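Novice: Need a 3D model of the sequence below.
(10 chains)
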Amino acid sequence: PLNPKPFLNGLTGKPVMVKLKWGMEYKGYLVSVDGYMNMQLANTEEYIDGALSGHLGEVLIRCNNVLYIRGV
Amino acid sequence: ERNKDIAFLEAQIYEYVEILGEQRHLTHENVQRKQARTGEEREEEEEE
Amino acid sequence: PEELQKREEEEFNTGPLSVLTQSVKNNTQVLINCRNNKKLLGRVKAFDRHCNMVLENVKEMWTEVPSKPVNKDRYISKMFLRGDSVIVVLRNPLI
Amino acid sequence: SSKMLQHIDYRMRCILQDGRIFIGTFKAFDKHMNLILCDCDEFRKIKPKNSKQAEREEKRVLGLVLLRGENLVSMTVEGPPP
Amino acid sequence: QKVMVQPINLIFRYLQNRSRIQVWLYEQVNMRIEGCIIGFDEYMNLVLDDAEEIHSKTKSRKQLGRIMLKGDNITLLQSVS
Amino acid sequence: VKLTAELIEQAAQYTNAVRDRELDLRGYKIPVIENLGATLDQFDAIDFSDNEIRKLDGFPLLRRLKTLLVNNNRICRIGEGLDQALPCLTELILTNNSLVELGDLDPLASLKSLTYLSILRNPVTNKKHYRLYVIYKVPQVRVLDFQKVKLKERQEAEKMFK
Amino acid sequence: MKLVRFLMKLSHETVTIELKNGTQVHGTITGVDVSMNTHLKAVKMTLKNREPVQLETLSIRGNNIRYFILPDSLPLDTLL
Amino acid sequence: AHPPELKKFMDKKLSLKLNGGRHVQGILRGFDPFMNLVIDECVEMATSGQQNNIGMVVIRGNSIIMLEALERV
Amino acid sequence: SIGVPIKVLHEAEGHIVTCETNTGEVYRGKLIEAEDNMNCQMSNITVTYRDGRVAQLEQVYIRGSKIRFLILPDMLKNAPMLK
RNA sequence: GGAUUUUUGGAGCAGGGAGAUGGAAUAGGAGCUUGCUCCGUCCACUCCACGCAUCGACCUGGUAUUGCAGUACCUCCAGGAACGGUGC
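Specialist: Numbers count the residues shown, from 1 in each chain, chains lettered A, B, ... in the order given. The relevant structure is shown in the block below.
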């Protein structure tokens, strides 16, 4: 068993890839996830269509946009 | 032929701003007074 | 009450909305993606749990097809913004 | 204040999220902004699909309408209580 | 007088068997994300092990690994095995 | 008594039997129609039974209207500029009036969206080659005097007055 | 702190609310409540790709608004 | 937080209508206050005529539009 | 509490109502039971299926979050809740 | 009192291809008016793939029902398809 809040608490600091619901991808080190799962990522490259497209760096992603977040 | 209306306009904006030179000074003073305010002082002036 | 007010300030200092906290700390602009694809470059005056925002000096840029689509932008001076329309808040924007 | 109670029993036009228009006698509402509209008529905008076809508005008569509040965008008044 | 299979029981059965679960998506008929459920929580947010998107149009499967698919995207939880 | 907005604001405003928005103006002895734009385009059918309207004119721009009911009035002449103000009409109910000549029906060809007409109890019905002249004049009408048009009527409407 | 309380201390202020269905409603606020529903009067309402209609009053639901355009003559530090 | 009144539809063959036009049929086996359903003998039927038996599924409630009782309930 | 509209909806049960779902399908049938969250169960449903296909279903259960609106019977226009 | 049925939204965007086809009265740029040439915005017709299939409303002709009720809608056959939405 590994619930999403322990998974995200063990996921902090690691380079994670958040795919939004709308095709947007974000590769960055996960800094902080609250209980409402607003995610905060650092050194984030925004990847669209699997292609490195922008360097946004520090970023806050609101919760209701996240399709999934995975490790990479 | 082409830039006529803009050139006439550049003269009219000049002559009208000279005629309104007192009002232009009053706006500039009001902007400086509005800029320097606290929160409450700005809200009270916006009530007047 | 008061313990919730200390709790919310420490949570906004250490949690995900820290960057919004940072945007009200040293007064730097954030780049906010909206659900209608409008980017917002502007300082934040205040925020809350929902990421509702009160914003100053906002430049809203967006892309409009008439061909090639153009980057038509507008300057909204001061504004309020509902928080559910916010997609992505990035603290330091490049340009 | 309870502002929507001032707008009660008027002939009111209510705009739905998909673009519909509900003109009805606004009888009742609640916390979620559900509406009860008596004698309500819906209005759909119709896309023209041609260069020379006009854009028309198709009106359906409905009657007593319960409008769920998540559909509602904005309400305006059309007329006094009939 | 009837006893009910509440859905947390069946998602926990998916957890216990470690079965590979195909997850449909809300308002996304093309993509279905399948993976081994390690765990899940209250709002049906799931974590998945060796998850992969399956686009039904392209018929291609893109591997992801251990993801946290947020719960509001889920339409259906289907067991492939 | 002349018609104003006052008799509009007090009159019965409701949903009719055919489920449109209705304003009733029965029994007012109105001789001239004016100042109708205070209905604010919320109506599809307006009744005018028992009024002394000499001519159907004075009609302002109301877009949503689909029926005019001019039952039992004194229409001897007709207005001509009606289609510019009532663009989406479907029924015109001109029963029990004093239309006498064929050319008096001539302004009715200007309404493009017109579908139903009733000109009953009128002297213009009395003359020969009447209904074919209405069809040949106003082709868009599908129901004339509660009789559906037929292709033999279209053919003998096209044949005459060539 | 909640910013809906900031919005509720706005009355007879001429704002321009952009709704979620691409609508632009320019009018003066007569009332906002705790659920962000805004009641405006003297409304110039423009739907998406349509002509600006005008309404005497409007009552927008709270979730359907996307953002505001507040007046420039607003001291917000006193409003917070 | 009141549970739905699906005690009629329990252990009866349903015909769900999920969002995106998706259509599944099966015996309703359980539900929660969120109207997440548990479907036994669940057969997914796509826009193509062929129908995939997917067995035992959990449907999130916010994707359900409608459910038809294919039995009398 | 419970609002006046959901009280009107509860009054409408037992009568023939017409739901429109969020997908535009029109479900007209006898409202067997309604719920506080506008979950409606209807019998004798005649569904329109958004392209005109009127079929007849029996015993549907419509989720209330998908209901666009509910055309109630007009004979409830004199209900004392509407007053 | 932002985590599935109402209020902090899953919304945004674009209408298949071709043809020495046709038009921008007053509104494109460049070759620095006018005439000509080129290129990133529509409508009408024609061709391929009347974009496709579905049902509802609707028009012509023939045809059946003469029946006392509180209604999604109501006979059938054939042609045409101006309209609506569904899936590709």
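Novice: Which helix or strand lies directly C-terminal to the one helix or strand residue C:71 maps to?
Specialist: Using DSSP states H and E, residue C:71 maps to strand C:70-81. Later in the chain than strand C:70-81, the nearest helix or strand by DSSP H and E is strand C:86-90.
Novice: is RNA strand J contacted by that following strand?
Specialist: No: if you take C-beta under 7 Å from any atom of the strand as the test, strand C:86-90 misses RNA strand J, and the best it gets is 7.7 Å. The C-beta positions use only the backbone N, C-alpha and C, and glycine is treated the same way.
Novice: Is there a neighbour count for the residue of chain B found nearest chain A? I'd like the number.
Specialist: Using C-beta to the nearest C-beta, the closest approach of chain B to chain A is made by residue B:39 at 26.9 Å. Applying other C-beta atoms under 10 Å in any protein chain shown, we find 13 other residues in the vicinity of residue B:39.
Novice: separation between it and residue E:20?
Specialist: 59 Å (C-beta to C-beta, to the nearest Å).
Novice: Also residue F:34?
Specialist: From residue F:34 to residue E:20 the distance is 78 Å (C-beta to C-beta).
Novice: Can you report phi and psi for whichever residue of chain B sits closest to chain E?
Specialist: Evaluated by C-beta to the nearest C-beta, chain B has residue B:39 as its residue closest to chain E, separated by 38.9 Å. Torsion angles at residue B:39 (phi, psi; degrees, to the nearest 10) stand at phi -60, psi -60.
Novice: Which of the three states applies to residue A:31?
Specialist: At residue A:31 the chain is in strand, as set by DSSP: H, G, I helix; E, B strand; the rest coil.
Novice: My read is that residue F:111 contacts residue F:91, right?
Specialist: No: with contacts counted by C-beta atoms under 8 Å, residue F:111 stays clear of residue F:91, the gap being 10.7 Å.
Novice: show me the contacts for the residue nearest to residue F:54 when sequence neighbours are not counted.
Specialist: Residue nearest to residue F:54 in three dimensions, not counting chain neighbours: residue F:74, with 5.5 Å by C-beta to C-beta, 6 or more residues apart in numbering or on different chains. Neighbouring residues of residue F:74 by C-beta atoms under 8 Å, 6 or more residues apart in numbering or on different chains: F:52, F:53, F:54, F:97, F:98.
Novice: who wins for most neighbours among the residues you listed?
Specialist: With neighbours taken as other C-beta under 10 Å, the top of the contacts of residue F:74 is residue F:97, carrying 24 neighbours.
Novice: Not counting its neighbours along the chain, what's nearest it?
Specialist: According to C-beta to C-beta, 6+ apart, the nearest residue to residue F:97 is residue F:75 (3.8 Å).
Novice: Now for that neighbour, how many residues are close by?
Specialist: Counted with other C-beta under 10 Å, residue F:75 comes out at 20.
Novice: most centrally placed residue in chain I?
Specialist: residue I:19 (4.2 Å; C-alpha atoms, centre = their mean).
Novice: If you could redo that for chain A, that was the one I meant.
Specialist: Note: chain A centre (C-alpha atoms, centre = their mean) maps to residue A:18, 3.5 Å.
Novice: gap between that one and RNA strand J?
Specialist: 13 Å (C-beta to the nearest atom of the strand, to the nearest Å).
Novice: So that residue lies in a strand, does it not?
Specialist: Yes: if the criterion is three-state DSSP, then residue A:18 is within a strand.
Novice: now residue A:5, what's its secondary structure?
Specialist: Classification of residue A:5 using three-state DSSP returns helix.
Novice: Touching, it and residue A:35? I think so.
Specialist: Yes: using C-beta under 8 Å, residue A:5 is in contact with residue A:35, at 7.2 Å.
Novice: what about the residue of chain D found nearest chain H, how many neighbours?
Specialist: The nearest approach of chain D to chain H comes at residue D:70, 11.8 Å away (C-beta to the nearest C-beta). Residue D:70 is flanked by 20 other residues according to other C-beta under 10 Å.
Novice: how near is the residue in chain D that chain C sits nearest to to residue D:61?
Specialist: The minimum distance from chain D to chain C, using C-beta to the nearest C-beta, falls at residue D:70 (13.0 Å). For residue D:70, the distance to residue D:61 equals 24 Å [C-beta to C-beta].
Novice: Equivalent analysis for residue G:65, please.
Specialist: Counting by C-beta to C-beta - residue G:65 and residue D:61 are separated by 31 Å.
Novice: Quick check on the two: which one has the bigger neighbour count.
Specialist: Higher neighbour count among residue G:65 and residue D:61: residue G:65, with 26 against 16, using other C-beta under 10 Å.
Novice: who in chain C is up against RNA strand J?
Specialist: With C-beta under 7 Å from any atom of the strand as the criterion, chain C meets RNA strand J at residues C:35-37, C:49-52, C:65-68, C:82-85.
Novice: I'd say the residue of chain B closest to chain A and residue C:46 touch.
Specialist: No: between residue B:39 and residue C:46 there is no contact under C-beta under 8 Å: 11.8 Å.
Novice: who touches both of the two?
Specialist: Residues touching both residue B:39 and residue C:46 comprise G:76, G:80, with contact defined as C-beta under 8 Å, 6+ apart.
Novice: now the helices for chain B?
Specialist: According to DSSP state H, chain B carries its helices in the segments B:4-19, B:21-36, B:39-46.
Novice: In terms of helices and strands, where is the residue of chain C found nearest chain B?
Specialist: Distances between chain C and chain B by C-beta to the nearest C-beta are smallest at residue C:45, namely 10.7 Å. Element membership of residue C:45, judged by DSSP H and E, is strand C:39-47.
Novice: Please enumerate the helices of the chain.
Specialist: No chain was given, so I picked chain A. A:4-9.
Novice: my bad, chain G
Specialist: G:4-8.
Novice: The longest helix along chain F and RNA strand J in contact?
Specialist: Longest helix in chain F by number of residues (criterion: DSSP H): helix F:151-159. Yes: Helix F:151-159 lies within reach of RNA strand J by C-beta under 7 Å from any atom of the strand, at F:151, F:152, F:154.
Novice: In three-state terms, how would the residue nearest to residue F:2 when sequence neighbours are not counted be classified?
Specialist: In this structure, residue F:2 finds its nearest non-sequential neighbour in residue F:32, 6.6 Å apart by C-beta to C-beta, 6+ apart. Three-state call for residue F:32 (three-state DSSP): coil.
Novice: Which residues are in contact with residue F:32?
Specialist: Counting by C-beta under 8 Å, 6+ apart, residue F:32 has contacts F:2, F:3, F:53, F:54, F:58.
Novice: how far away is it from chain E?
Specialist: 59 Å (C-beta to the nearest C-beta, to the nearest Å).
Novice: Quickly note the distance from that residue to residue F:80.
Specialist: For residue F:32, the distance to residue F:80 - C-beta to C-beta - is 16 Å.
Novice: Residue A:65 too?
Specialist: Per C-beta to C-beta, residue A:65 is found 61 Å from residue F:80.
Novice: Same drill for these two, tell me which one is more crowded.
Specialist: residue A:65 (21 against 12).
Novice: if I read this right, that one contacts residue A:25, doesn't it?
Specialist: No: the criterion here is C-beta under 8 Å, and residue A:65 misses it with residue A:25 at 11.9 Å.
Novice: chain center to stretch F:65-82, what's the gap?
Specialist: With C-alpha atoms, centre = their mean, to the nearest Å as the basis, stretch F:65-82 stands 4 Å off its chain's centre.
Novice: Distance across that stretch, terminal residue to terminal residue?
Specialist: Start-to-end span of stretch F:65-82 (C-alpha to C-alpha, to the nearest Å) is 12 Å.
Novice: tell me which residues in stretch C:52-64 are buried?
Specialist: For stretch C:52-64, burial by neighbour count (16 or more other C-beta atoms under 10 Å in any protein chain shown) applies to C:52, C:53, C:54, C:55, C:58, C:60, C:62.
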